[PDB]
Amino acid sequence: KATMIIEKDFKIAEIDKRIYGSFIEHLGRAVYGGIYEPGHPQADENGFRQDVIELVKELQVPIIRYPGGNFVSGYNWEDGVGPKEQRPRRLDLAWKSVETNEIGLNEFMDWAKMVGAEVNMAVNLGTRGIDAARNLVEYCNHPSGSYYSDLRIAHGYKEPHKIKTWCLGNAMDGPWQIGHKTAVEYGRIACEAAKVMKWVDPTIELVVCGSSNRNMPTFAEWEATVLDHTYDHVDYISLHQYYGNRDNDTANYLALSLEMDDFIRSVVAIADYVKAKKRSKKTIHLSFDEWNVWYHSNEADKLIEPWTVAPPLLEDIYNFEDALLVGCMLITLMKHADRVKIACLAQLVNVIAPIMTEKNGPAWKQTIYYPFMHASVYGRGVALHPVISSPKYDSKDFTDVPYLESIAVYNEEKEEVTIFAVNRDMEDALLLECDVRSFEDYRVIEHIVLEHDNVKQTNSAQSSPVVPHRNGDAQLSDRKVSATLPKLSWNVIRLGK
Amino acid sequence: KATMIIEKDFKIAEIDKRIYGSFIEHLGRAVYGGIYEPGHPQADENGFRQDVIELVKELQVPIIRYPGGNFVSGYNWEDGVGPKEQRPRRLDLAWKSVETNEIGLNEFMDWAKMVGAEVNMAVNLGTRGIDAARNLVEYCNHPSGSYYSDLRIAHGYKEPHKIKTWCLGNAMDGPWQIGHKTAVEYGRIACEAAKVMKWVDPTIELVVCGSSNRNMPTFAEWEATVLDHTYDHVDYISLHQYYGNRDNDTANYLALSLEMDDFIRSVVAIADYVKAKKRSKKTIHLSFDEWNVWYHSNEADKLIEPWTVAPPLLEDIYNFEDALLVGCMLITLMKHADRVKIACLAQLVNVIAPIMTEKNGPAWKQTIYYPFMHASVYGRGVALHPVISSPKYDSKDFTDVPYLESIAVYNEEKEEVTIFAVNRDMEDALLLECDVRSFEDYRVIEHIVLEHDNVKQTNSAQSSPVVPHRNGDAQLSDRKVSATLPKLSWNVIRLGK
Amino acid sequence: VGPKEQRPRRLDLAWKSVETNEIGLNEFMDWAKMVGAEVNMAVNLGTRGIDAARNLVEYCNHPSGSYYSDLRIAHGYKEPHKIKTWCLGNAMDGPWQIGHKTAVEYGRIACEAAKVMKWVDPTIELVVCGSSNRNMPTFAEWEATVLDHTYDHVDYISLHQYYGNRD
Ligand SMILES: O=[N+]([O-])c1ccc(O[C@@H]2O[C@@H](CO)[C@H](O)[C@H]2O)cc1
Ligand SMILES: O=[N+]([O-])c1ccc(O[C@@H]2O[C@@H](CO)[C@H](O)[C@H]2O)cc1
C-alpha cells in the first residue's frame with residue numbers, strides 16, 4: 001500500500017516542454033537510413049522517410065539537439081552546406097566513419113520543420129573556436145546583407161533559421177574526445193565563443209557543457225570551473241547519463257533513477273555555488289541533453305570495420321525493464337522541473353533510439369517509445385510536489401528505494417491532472433491511494449498500463465508484445481483516487497472534467 | 001488578507017534544538033560583569049550572577065559557543081586554567097583589552113552547567129595549531145592517565161568535561177583577524193587539527209569555519225576551498241550574519257531575512273558541490289554560529305581607550321523593529337531545519353545581547369529577548385513546509401517581499417502546533433487564514449503578540465514598554481484558524497489537541 | 001630524556017596507546033650499543049619542525065658548551081652519541097599520518113630542517129621521506145617534488161613496501 005497527496009497549491013514548477021526533447025547525431029544510421037533514405041518507397045520529395053516523420057510527430061518532441069555529440073568536435077559546418085558536388089568526404093574520427101556530408105545543417109532544418117521540432121544547434125569547440133562559432137550563428141540567424149547571411153540565402157534558404165538555443169561544443173572532458181580541453185581551457189573558449197555568438201544575435205541562449213559522465217575523475221570540479229569562466233554569458237549547464245543492466249539485477253537497475261536525482265541535485269548545487277561566488281541575480285538551469293539506457297549493443301559495435309558509410313552503430317534493442325527505467329527517469333526529470341528546463345533522449349532514430357528502421361523496410365517502436373510518448377503527450381502543465389508514503393527496499397547500491405515512483409502534473413488550460421507512476425515491486429501489486437480533495441469535480445478518464453511478464457522481452461519489426469493497454473482500474477470516490485499498480489508496471493492515470 | 005496551509009504531512013525536518021543556541025566571548029562585559037561578578041548581591045558561591053542564570057534558563061538555550069570569536073585566535077588556553085596566581089595578564093589584540101584570565105575554560109564549564117547548556121568549544125588556529133588542539137581535547141575529554149588529563153584532575157575537575165562539538169578556529173578570512181589565513185592555509189591546518197582532535201576522542205564533531213561575512217571578496221570561494229580540504233574530517237560549516245538599520249528604512253530592514261534565506265541556500269549548495277566532488281555519502285550541515293542585529297553601539301565603542309579590563313563594548317540597546325527582524329531570522333532558521341542544525345545568537349549577555357546587566361545592579365531583558373524565548377520554548381518539533389499566499393511589497397534592495405513571514409512547527413509528543421508569524425506591514429493589519437484540516441480536534445490555546453507603536457522604542461533597566469501580551473484574536477471555525485496580525489507585529493499562535 | 005619522574009605520560013595518536021616514555025632516546029642508544037648497531041634517528045616533522053630538529057642534533061652530537069649538549073651530559077651521557085644518519089620525519093603523504101603534509105609542504109620543511117641539522121653537525125647524512133606506499137595516488141609525483149625541494153641538502157630518498165598473501 002502507498003499513499004500520495006495531490007495538492008494543486010503544493011507545486012514544483014511549470015514543466016518546460018523542452019524536457020521532452022531528443023537528439024540526432026551524425027552517428028551510424030541516425031541520419032543515413034534513419035531520417036533520410038532517398039531509395040525508400042516511403043521517402044518524400046527531399047528523401048526523408050515519411051514513416052519516421054510520423055513516428056517522431058506522435059512523440060511531440062519539441063526540440064532536437066544536432067549534430068553532436070562527439071561528431072561535432074571534429075566537424076566543419078561549411079562542409080555540409082551549398083551544392084552537393086562541392087561538399088567534401090571527410091573522416092569522422094569520433095565514430096571512425098566516412099561522412100559524405102550529403103546531409104548538412106540546412107537539410108536537417110528542413111527535416112526538423114517536418115516533425116515540428118526546433119533545433120538545439122551545437123558548435124565545434126574541439127578543432128575550431130570563436131570565429132567559426134560567430135560565423136555559424138550569422139549564417140543561420142542574421143537576415144541578410146552580410147557575407148554569411150547572403151550565403152545562406154544563395155544556398156536556397158531565404159529566411160533565417162532563427163535558432164534559439166545553442167550548445168557550446170560537446171563534452172570535452174572526455175579523453176576520447178576530439179580536441180579535449182581541460183575545464184579551464186574549455187571554460188575560456190566557451191566564454192569567448194558565447195560572447196561573439198550573442199553579439200551576432202542577442203536573442204539566443206547558450207548551453208555550456210558539463211562532464212561527459214558523473215564517473216569522470218573531474219566530475220563536479222569541471223562544472224564549477226566551467227561556470228566560473230562562463231556564468232555571465234550562458235543560460236544552462238548540461239548533464240549526461242546513460243544506464244545499463246550489465247549484471248542482470250532488475251531491483252538495483254530500477255533504483256538507478258535515485259542516482260539521477262542526486263546527480264541533478266549536485267549540478268544544481270554547483271550552479272548555485274557559482275551564482276553566489278559571482279553575486280549574480282541570474283539563475284542557471286540544467287539541460288539534461290543526453291539521457292537513455294545504453295548497453296545492449298556494446299559487443300556488436302566492436303566488430304565494425306572503420307571507414308564505412310553509415311555503419312550500424314549503437315543499435316540497442318530495448319526490453320520491458322528498460323522501458324520501466326526510462327519511465328522512472330522521466331518522472332525524475334518532471335520532479336526537477338524547477339531547474340531542468342531542457343532534456344534530450346539520446347538518440348531519436350536507430351542510435352540508442354525509441355524508433356528503429358530497416359533499409360527499404362519498416363520503422364517500428366521500441367519498448368521505450370511508450371513511456372516517452374506518454375510523458376510528452378500527457379506531461380504538459382505544472383509538476384506538483386509528491387508527498388508520498390511508500391514501502392521501500394534495499395538493493396546492492398541503494399537503500400530505502402521506494403516501490404512507488406510517481407508525480408502528478410496539472411494542466412489548468414485542459415483541466416486535466418495526470419498521475420505517472422511506476423511500481424518497482426517485482427512480485428506484488430501496489431495499492432495506491434491519492435488524496436485529490438484539492439481538485440473539485442474531477443473524474444478518471446482512463447488508466448493506461450505498460451506491463452509484461454518477461455522483463456527481457458523486446459519489440460521488433462515483426463511483432464510488438466510490449467505495448468500499452470487501457471484496462472487499469474483507477475477509480476475516483478469521495479475525493480480519493482484508488483488504483484492497483486501491477487507488479488513491474490508503468491501507469492498513466494488521467495483525470496479530467 | 002493572507003492564507004497559509006498547515007499540512008501535517010508536508011514536512012521540512014525535525015528541528016535540532018541547537019538552532020536555539022548562543023555564544024559568549026571574552027569580549028567587553030560578557031564574562032566580567034555579565035555572567036561573573038564576585039560580590040554582586042546575587043552572586044553565588046563561584047561568583048556567578050544568579051539573576052543572569054535565571055534569565056538564560058528561561059531562554060532554554062541548549063548550547064553556547066565559547067570563548068570566541070576573534071578573541072580565540074590569539075588566546076592560549078593554558079593561561080586560563082590552574083591556580084589564579086600563575087595565570088598571566090595578556091593583551092587581547094582582538095578587542096584591545098587586558099585579559100586577566102580570572103575566568104578560563106573550567107570556570108566557564110561550571111557556569112554552563114548552571115544554565116543547563118553544553119559548550120561548543122573553539123580552538124585557536126590563529127597563533128596556534130594542531131598540537132594545542134589535540135592537547136586541549138585531551139585536557140577536556142580524556143578521563144585520566146596522561147599528562148593533560150591528570151592536569152585537569154589536579155586543577156579540580158575529576159570527571160572530564162566531555163565536550164561534543166568543537167569549532168576549528170574562528171573565521172580568519174578577515175584581514176582584521178589575528179593569524180589570518182587564506183582558504184588553502186586554513187583548510188590545511190583545520191584538516192590536520194580535526195584529525196588529531198578526533199584521534200584523541202572519536203566521539204566529537206567538528207565545525208569548520210566559513211567566511212566572516214557574506215560580503216567578503218572571498219565569499220563562497222572560501223567555503224568551497226575549505227570544504228575541499230576538510231570534508232572527510234568535519235561535520236558542519238559555519239556561517240555568520242549581522243544586520244543593522246543604518247539608513248532608517250524599516251520596510252527594507254525587515255526584508256533582510258530574505259537575504260539570510262538566500263545566504264543559507266548558497267552555503268548548502270557549496271556543501272553539496274563538495275560532497276559530489278568527493279563522492280562522499282556524508283552530508284555536511286550548517287552551523288549559523290553568529291547571528292544578530294549589531295549596529296547601535298558602533299560610534300560609542302570608538303571612544304573607548306585601549307588596554308582596559310572589561311570595557312563596555314558592543315552594548316547595543318535594541319528597539320522594537322530589531323525584535324521583529326530577529327523574529328524573521330528565527331523563522332528563517334526554522335525554514336532551513338533540514339540543513340541548519342546549530343545556530344548561535346551572538347551574544348548572550350551584555351555584548352550584542354538579549355540580556356543586559358548593571359554593575360551591582362539589575363539584569364534586564366532587551367526587546368529581542370522575547371521572540372528568541374518564544375522560538376526556543378515553543379519551536380521544538382517538526383518544521384512544516386509553509387504554503388502561503390501573501391500580499392507583497394518592493395523596497396530599495398528587495399522585490400516581492402511578503403508582508404507575512406511565517407512557519408508552523410508541529411510537536412507530536414506535546415500534541416501542539418505553533419504558528420510563528422510576523423506582519424511586516426507598516427500601516428495595515430493582516431487577516432491570516434490557516435487551513436488546519438490535517439489537525440483534527442486541535443483548538444486555539446493562545447495568541448501571543450509583541451507590538452509597539454514606536455519601532456524605535458527600547459527597553460531599559462528602569463522600564464520595559466516593549467513586552468508581549470496575550471490579546472491576540474486567533475480563533476478556530478470550520479477547520480480554519482483566522483487571526484488578525486496587527487501592523488508591525490510578532491505573533492505566536494499556539495494550537496493543541 | 002632526563003629523570004623519569006619528570007617524563008610525562010602521552011597519548012600516542014599513531015597507535016592509540018599511552019606512551020609512558022620510560023624508554024627514550026638515551027636508553028635506546030644504550031641498547032643499540034649492546035647489539036653493536038648504529039642508530040638511524042628520525043626527527044618529528046609532523047607536529048614539530050626545524051627548531052626541534054636542530055636542537056635534537058645538538059643534544060645528541062655536539063660535544064659540550066651549549067645548553068642542549070650540556071643537558072645530555074647532565075642526563076648522564078658525557079660523550080656525544082655521534083649519530084651519522086638521520087631521517088627527516090616519517091612518510092606523511094598518508095592521510096593517516098599525524099601532521100600530514102603535501103609534497104610541497106614536506107619538501108619545504110625537510111629542506112629547512114636538513115640545513116639546520118647539517119649546520120649543527122656537517123658530518124651527518126640525511127634521508128628524505130618517500131611515499132608511504134607505491135599505491136598512493138601521489139606516488140612518484142611525491143618523490144619528484146620532494147627531491148626538487150631538498151636535493152642539495154640530502155643524501156638518500158626512502159621507499160617502503162609491505163606484502164601479504166590475502167587471497
Ligand atoms: O559513459 N560512456 O562510456 C560514455 C561514452 C561515450 C559518451 O559519448 C556521448 O554519447 C554519444 C552518443 O549519444 C555522444 O556522441 C557523446 O556525447 C558518453 C559516455
Ligand atoms: O561584518 N562585520 O563588520 C563584522 C565585524 C566583526 C565580525 O567579527 C565577529 O563578531 C564578533 C562578535 O560577535 C566575533 O568576535 C567575530 O567572530 C564579523 C563581521
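All positions are counted from 1 along the displayed chain.
Backbone N, Cα and C atoms are what each Cβ position is placed from, and that goes for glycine too.
Under the heading active site, nucleophile, Swiss-Prot lists B:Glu290, citing a curator's inference as support. Sequence-distant neighbours of B:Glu290 (active site, nucleophile) (same chain, six or more apart, CB under 8 Å from its CB) are B:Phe23, B:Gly69, B:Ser238, B:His240, B:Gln241, B:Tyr242, B:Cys344, B:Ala346, listed in sequence order.
The secondary structure of B:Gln347 (alpha-L-arabinofuranose binding site), as reduced to three states from DSSP, is coil rather than helix or strand. If you draw a 10 Å sphere around the CB of B:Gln347 (alpha-L-arabinofuranose binding site), it holds 27 other CB atoms from the protein chains shown. The alpha-L-arabinofuranose binding site annotation in Swiss-Prot covers B:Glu25, B:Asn70, B:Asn170, B:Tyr242, B:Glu290, B:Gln347.
Annotation comment: Swiss-Prot describes B:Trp294 (among others) as site 'Important for substrate recognition', evidence class a curator's inference. Cβ environment of B:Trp294 (site 'Important for substrate recognition'): B:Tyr242, B:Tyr243, B:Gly244, B:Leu314, B:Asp316, B:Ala346, B:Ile352 lie under 8 Å away, each six or more residues apart in the same chain.
For B:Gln347 (among others), the entry in Swiss-Prot reads site 'Important for substrate recognition'.
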Query: For the binding-site residues listed here (B:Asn70, B:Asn170), which one has the lowest count of neighbouring CB atoms within 10 Å of its own CB?
result: B:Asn70
Task: Enumerate the residues of the same chain, B:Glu25, B:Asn70, B:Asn170, B:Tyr242, B:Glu290, B:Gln347 excluded, that satisfy the criterion Cβ within 8 A of the mean position of the Cβ atoms of the recorded alpha-L-arabinofuranose site; list them in sequence order.
output: B:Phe23, B:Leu27, B:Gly68, B:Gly69, B:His240, B:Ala346
Task: Report the largest Cα to Cα distance, in Å and rounded to a whole number, among the residues B:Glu25, B:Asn70, B:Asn170, B:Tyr242, B:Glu290, B:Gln347 that the record lists as binding alpha-L-arabinofuranose.
output: 16
Task: Return one of helix, strand or coil for B:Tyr242 (alpha-L-arabinofuranose binding site), based on DSSP.
output: strand
- line: In all the protein chains shown, the tally of other Cβ atoms within 10 Å of the Cβ of B:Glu25 (alpha-L-arabinofuranose binding site) is 26
Statement: Around the Cβ of B:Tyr242 (alpha-L-arabinofuranose binding site), other Cβ atoms within 10 Å, all chains included, total 13
